[PDB]
């Protein structure tokens, strides 16, 4: 009497989102997850994405892992997939010229991997697990210091003056000039959230200048590039990603945003060019959420079963928090 997709589709007269609609990295199920509890590594802080910390594997589940910030509270723990580009092997920050935010109780120059592994009686995750370790070709045409226009992903009505502030493998970090780094996000040349200098003017859209720019209303890119000596990212570097082809009512699997340990049976509730709205089957519409179609936490039906992760079935009828 166990839950299966095949049976559910028959019961519901429903269809799945084809595997072809997903990025290969969202769909891949045949890779081994070689990470083990206690292994140490390096990674970005997902809520402060310019910063790198020492992390420990706190839990393994299928193709996913829960990462802990060494020395800090378990409240900051977070989940990634084993093919995440946001994690790197011990030694990566030194090799690539990045800075470390050290474990609690350590000053930066008090941290050394060999001593730290001795102190903690631990092992580093081996290098042959990581898709990202500064071996891949850089994103063509995007260099640190170049400027561009970018959507504030947290306030997506705004297109804003931005800079490239880091480049790692095929991606780069978008930073909003004179604002906090917690508005930064990682990107590739095909992102629908970035544009060349001058795009807002060509589109008739208002451009948000750097925080507190002396005389905001009169902001001028030509002047700003002269002031900074910076170049614009060349127009040729920006590439179009095609709109996704998910359709309303297609079914798939999605990580629960409120309890990221869990993955649930999901439906496409609404669509935009580059985002989908997820409804969790059986649950209140109050939990529906928009997500980018390329987000790493949506997957084709079957992904949990094939990777060894539990799948939460639809919430039962008339339970608390349910929908008809």
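For the two forms, the rigid core is made up of the largest set of C-alpha atoms that agree within 1.5 Å on superposition. Residue numbers count along the first chain shown, from 1.
Take 80-88 and 227-235, fit the other structures onto the shown form by the rigid core, and average the C-alpha distances in 8 other deposited structures of this protein: the farther stretch is 227-235. The question of which stretch, 209-217 or 243-251, has the higher mean Cα B factor is settled in favour of 209-217. Stretch comparison (200-208 versus 113-121) by mean CA B-factor in the PDB entry places 200-208 on top. Of the residues listed, 177, 226, 86, 184, the entry assigns the biggest Cα temperature factor to 226. By the numbers in the PDB entry, the CA B factor is greatest at 99 among 195, 76, 147, 99. When all modelled residues of the chain are sorted by CA temperature factor, residue 234 is found within the lowest third.
Per the PDB record, residue ranking by Cα B-factor puts residue 81 in the lowest third of the chain. Sort the modelled residues of the chain by CA B factor and residue 275 lands in the middle third. In this PDB entry, the Cα temperature factor of residue 50 sits in the middle third of its chain's modelled residues. Among the modelled residues of its chain, residue 8 has a C-alpha B-factor that falls in the lowest third, as given in the PDB entry.
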